[PDB]
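Comments concern the structure below.
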Amino acid sequence: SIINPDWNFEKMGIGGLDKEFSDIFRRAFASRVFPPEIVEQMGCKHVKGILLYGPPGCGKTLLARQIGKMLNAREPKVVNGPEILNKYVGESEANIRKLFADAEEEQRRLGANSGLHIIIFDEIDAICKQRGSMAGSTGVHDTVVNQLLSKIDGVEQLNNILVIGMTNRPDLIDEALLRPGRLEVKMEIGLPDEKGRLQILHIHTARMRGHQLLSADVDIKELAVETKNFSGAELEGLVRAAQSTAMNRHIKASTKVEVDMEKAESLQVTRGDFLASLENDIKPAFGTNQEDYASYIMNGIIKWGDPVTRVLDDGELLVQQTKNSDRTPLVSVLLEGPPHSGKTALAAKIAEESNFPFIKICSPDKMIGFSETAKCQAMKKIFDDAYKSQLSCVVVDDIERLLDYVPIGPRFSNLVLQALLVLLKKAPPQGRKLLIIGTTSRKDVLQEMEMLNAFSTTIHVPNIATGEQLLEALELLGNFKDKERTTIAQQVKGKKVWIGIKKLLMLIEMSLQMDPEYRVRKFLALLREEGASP
Amino acid sequence: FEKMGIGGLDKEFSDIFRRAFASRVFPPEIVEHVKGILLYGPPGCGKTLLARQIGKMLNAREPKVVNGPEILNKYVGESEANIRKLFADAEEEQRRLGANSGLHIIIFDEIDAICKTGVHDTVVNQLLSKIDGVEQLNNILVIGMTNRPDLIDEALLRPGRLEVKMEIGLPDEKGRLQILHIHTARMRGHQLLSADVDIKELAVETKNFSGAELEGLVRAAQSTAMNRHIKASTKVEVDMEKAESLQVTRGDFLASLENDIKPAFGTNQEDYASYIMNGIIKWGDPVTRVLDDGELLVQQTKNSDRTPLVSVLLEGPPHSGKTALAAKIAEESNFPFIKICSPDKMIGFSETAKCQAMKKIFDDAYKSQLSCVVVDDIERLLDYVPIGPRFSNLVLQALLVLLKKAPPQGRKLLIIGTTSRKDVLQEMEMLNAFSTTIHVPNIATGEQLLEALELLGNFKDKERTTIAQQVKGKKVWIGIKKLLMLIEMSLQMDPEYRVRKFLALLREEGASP
Amino acid sequence: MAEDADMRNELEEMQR
Ligand SMILES: Nc1ncnc2c1ncn2[C@@H]1O[C@H](COP(=O)(O)OP(=O)(O)OP(=O)(O)O)[C@@H](O)[C@H]1O
Ligand SMILES: Nc1ncnc2c1ncn2[C@@H]1O[C@H](COP(=O)(O)OP(=O)(O)OP(=O)(O)O)[C@@H](O)[C@H]1O
Ligand SMILES: Nc1ncnc2c1ncn2[C@@H]1O[C@H](COP(=O)(O)OP(=O)(O)OP(=O)(O)O)[C@@H](O)[C@H]1O
Ligand SMILES: Nc1ncnc2c1ncn2[C@@H]1O[C@H](COP(=O)(O)OP(=O)(O)OP(=O)(O)O)[C@@H](O)[C@H]1O
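Residue numbers (the numbering used here), protein chains in the order written: chain A, 1 to 534; chain B, 535 to 1047; chain C, 1048 to 1063.
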């Protein structure tokens, strides 16, 4: 047979690639396994090439070497990068032909019943690039490409060779090589999912379990839940770092390296090591697509009164409508209120509570010093990314800062305004749904520009109005004792107040800098001085 | 010509047999020749098969083939010496047997590698001199194949050296049918192919495919059928008990077509259907009036001799359904050329880009015999803001000029513009440019609203009775798009609250003109 | 316009 009779999937050690390996076997190794008679009756030819590609550290080389191990054949030939190039003219092609000489001789000698020969190319893009589009200085590269093309499939027919190639940039490869007969099976390797992450971790923890060197408090399922966007190499590095942390307890240094011995026979790896390494040693190379919600919500949310709940309720309702509607695949809403009321935090909370696959926030904090064309390009890119998903949500905050508005004259950028109107009007591709949430603090200006009618609904976000709400907020914050609260109530309860929560936090922080006998008076003075408002 | 196993190139081979071997087969006395052929085309079209079968068909010596740049050598004088070893036998036969000499065939594979600096130019010069030099041969034929014909040296293509230039192209439906027959005959002969499979459907489906891709698709189908009798996970198996009985169903071919092979060419995207989503429902007389006016304008454009150009403007308030009716009129026009110009396709552009796009659309329109063009959201096209106000004058002037330029002699053009702000256009002095105008109104009375709700069929009788109690005795002012939005918002809550929420929203939106 | 900048070269050897 062509398969080493001592073989199994488990001993290979590949975690997350189940569909890909099955497809590879199905599409490349079915012909050589069945009885020759039926194959001859069908009169079909065998595959001669495979192309693996993907992002770094996903398992291409591991897959290739395991495949080489799986077969019973001659030892595979490996080409390590551009180790074929030479300075004397005509010597690269000789090196290339030396690779196929043995297979050609064996085929000529034995006919159709000869063995298989495997050749592996790594970093294939180094040697194989488009003949026409390259540095027009020396013709060595084009001749190398021509020789390879001729040798793989020439006038003389060679049919007992399999060629594997792996790369990181598939596009650069010349098209004439990626056609049926040379390399038709083109697989893609990508980042794993939760199940694949669990499989990889279980693969890499087995030997530690076998010899009773792993603590029972470790839970691999929780680890797989936590490690989001990690890859195989990172998942192995995390285990290596945890093992190093566990080992370092028994070594004493800073004058001479001593490794104990009495206590070196009772070593175990706990969960504290994993938790410590997750936060100090390893960071995912792929930038977290998850939004940094902690930045937008920095002090949580406290239910100081009724309106908060109401606002959230409205948002929930809107979400439901955009999830269970087909006549209106696009919905919009605008949050407006006085300054320092907490519109951005509420919008972020509403966006987060939903479970949509795609969620992004567009802010002016990133477009500093940008022209009015760069802003349009950025918005267009964000919306283009949004269109791909089946369910999308987008948040546009600080609209007045996105248009460069100043009341003197006034002045603003018109290109961004027109782009925003057009984007708000149009709908996504067929069978997809999009939700948009806008935030602003000046509604009359937007009304003048005639964009308030482009939205579908509006929600109002008021600030603290009565003294009872102020007392509730203070109780939730817990910055003052009961004795101080009695004094504060004795004055505030009589009348109404008009202040935002952010300003309230600022005032509290400013007040707490005085000596204990003066803090209440400072707070009252600040509230009376800055509180002149409706 | 299908015997050789290549389909879709019968005519090319007829040309070959005419232009190449007619002199050799024609009786010698009346004759009392051509020595160059170059085949080019995209990869996988059967050039190697052509060369091999050409070598086999003639009764001559075994052809000599050089595989790529084997001639190049590190030493001096070896690259040129390698070429002279190819023609030794031809010279010997020419000098000994004279005219009565056998034909010699030379095949050059990837000839662009050695023809196109001391080595390469000397090689090319030696080849040129040997093929056509002081001594003239009449019993040699040289064949070359290329995938990049634009990288070959010009001096090699002159008459007397490379005469017969040929192009291989992607086969048409009949050629693809021939190829599928060739690659499925072996399966059919042994009854290993299921009876449900139709070759004609496969031929119609496989658009833009080449021969190699078709053979790969067939191979993928075979592999899909074969894997059914293969076991993995623990060890590789052949089954045998069921493998002996292997049939290739249609599902295998369909699945192989979905993923394993792809055409590898581009795709076209259509947007017109997007402009009418919910259709047109007749809730009153005005829609019929608008459609009748559109038909009158279309007929006037069709049967006019000294008014080849006609323009119209559609007027109405927001959320009234103007673009949908314009698209409907354009569709009912039944003109060979129809297009829609929208600002959705131009986001972030400057004035010059918009002008160029509009000019390109109108240039395309001018080529046909009778054409129709619709422009919607004029105020968005020439971006307008009430503050200042501010707008783009270049686009305004371009539109003004284009609105009164007639097409070439004997051709017809219709233009339909839509807007929701007529006073602004009147101030710009563009309302005069158009020939006529039409008005698109809102829903005015409660009877029309009830008819529209009946057509939509969202509410049942019990709630319609209460709605009629509330609305029938009053005037209303609402669009249809906003009406659908309101209905969808109201439907969200539980069945108890729906009517009250709907009427609360209606009261919120109530207004008068 | 600006005139294309200066560029480096690669070299190839030959035996005899
Ligand atoms: N899916 C996986 N299952 C198990 N181990 C894995 C997996 N992916 C990666 N690894 C581990 O990570 C190591 C590094 O990965 P590998 O060498 O296969 O990456 P690669 O894709 O060939 O690299 P690159 O693209 O950076 O050149 C592997 O030797 C193996 O130890
Ligand atoms: N109940 C609450 N609702 C909203 N924000 C709250 C609440 N309790 C605390 N906060 C905090 O108050 C701040 C309000 O958010 P933020 O500073 O973005 O307000 P904003 O009104 O949008 O600001 P700006 O006036 O600068 O535009 C955030 O730190 C939020 O965490
Ligand atoms: N027109 C065709 N008719 C039949 N089989 C074809 C045809 N075109 C390609 N094939 C199939 O493709 C293979 C022949 O490819 P061939 O080597 O002749 O192509 P080519 O055009 O010379 O390629 P390249 O330019 O890539 O070297 C065989 O499998 C043959 O069955
Ligand atoms: N009789 C009708 N006339 C027009 N549109 C109708 C009619 N019945 C249903 N519709 C639907 O109503 C919607 C009309 O919206 P449309 O985009 O045409 O409005 P518009 O007035 O151009 O919009 P806006 O002024 O907001 O840009 C489309 O979904 C159309 O299918």
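For each residue, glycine too, the CB sits at the ideal point set by N, CA and C.
Residue i touches chain B at which residues, Cβ-Cβ below 8 angstroms?
| i | result |
| --- | --- |
| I38(A) | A777, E778 and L780 |
| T373(A) | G882 |
| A30(A) | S757, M760, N761 and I764 |
| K19(A) | Those within 8 angstroms of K19(A) in chain B number zero; the least Cβ separation is about 11 angstroms. |
Taking Cβ to Cβ, would you say residue i is nearer than 8 angstroms to residue j?
| i | j | result |
| --- | --- | --- |
| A489(A) | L504(A) | no |
| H250(A) | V259(A) | yes |
| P462(A) | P307(A) | yes |
| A241(A) | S277(A) | yes |
| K619(B) | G90(A) | no |
| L526(A) | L507(A) | yes |
| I84(A) | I127(A) | yes |
| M679(B) | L592(B) | no |
| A233(A) | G57(A) | yes |
| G602(B) | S1(A) | no |
| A940(B) | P870(B) | no |
| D398(A) | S371(A) | no |
| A378(A) | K425(A) | no |
| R65(A) | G115(A) | no |
Answer yes or no: the CB of residue i versus the heavy atoms of ligand 1, is any distance below 7 angstroms?
| i | result |
| --- | --- |
| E236(A) | yes |
| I301(A) | no |
| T61(A) | yes |
| residue 590(A) | Coverage of chain A is limited to positions 1 through 534, which leaves residue 590(A) absent and any answer about it impossible. |
| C58(A) | yes |
Buried or exposed: residue i, going by 16 or more other Cβ atoms within 10 Å of its Cβ?
| i | result |
| --- | --- |
| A729(B) | exposed |
| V406(A) | exposed |
| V79(A) | buried |
| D786(B) | buried |
| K765(B) | exposed |
| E1050(C) | exposed |
| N793(B) | exposed |
| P562(B) | exposed |
Does at least one heavy atom of ligand 3 sit under 7 angstroms from the Cβ of residue i?
| i | result |
| --- | --- |
| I713(B) | yes |
| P942(B) | no |
| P683(B) | no |
| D153(A) | yes |
How far does the alpha helix (DSSP H) with residue i in it extend, from its first residue to its last?
| i | result |
| --- | --- |
| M166(A) | Segment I161 to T167 is the beta strand (DSSP E) holding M166(A); no alpha helix (DSSP H) there. |
| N659(B) | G652 to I665 |
| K734(B) | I733 to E739 |
| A556(B) | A556 to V559 |
Can you pull the chain A residues whose beta carbon is under 7 angstroms from the beta carbon of residue i, in chain order?
| i | result |
| --- | --- |
| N681(B) | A176 |
Is it the case that the CB of residue i approaches a heavy atom of ligand 2 more closely than 7 angstroms?
| i | result |
| --- | --- |
| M298(A) | yes |
| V308(A) | yes |
| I459(A) | no |
| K502(A) | yes |
Which residues in chain A have a C-beta closer than 8 angstroms to the C-beta of residue i? List them in chain order.
| i | result |
| --- | --- |
| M1061(C) | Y88 and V89 |
Along chain C, in chain order, which residues have C-beta atoms closer than 7 angstroms to that of residue i?
| i | result |
| --- | --- |
| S137(A) | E1057 |
Is it the case that the CB of residue i approaches a heavy atom of ligand 4 more closely than 7 angstroms?
| i | result |
| --- | --- |
| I464(A) | no |
Could you give the residue range of the beta strand (DSSP E) that holds residue i?
| i | result |
| --- | --- |
| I50(A) | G49 to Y53 |
| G438(A) | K433 to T440 |
| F642(B) | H638 to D643 |
| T971(B) | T970 to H973 |
| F358(A) | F358 to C362 |
Under 7 angstroms Cβ-Cβ, which residues of chain B neighbour residue i?
| i | result |
| --- | --- |
| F25(A) | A766 |
| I408(A) | Simply none; closest approach about 13 angstroms. |
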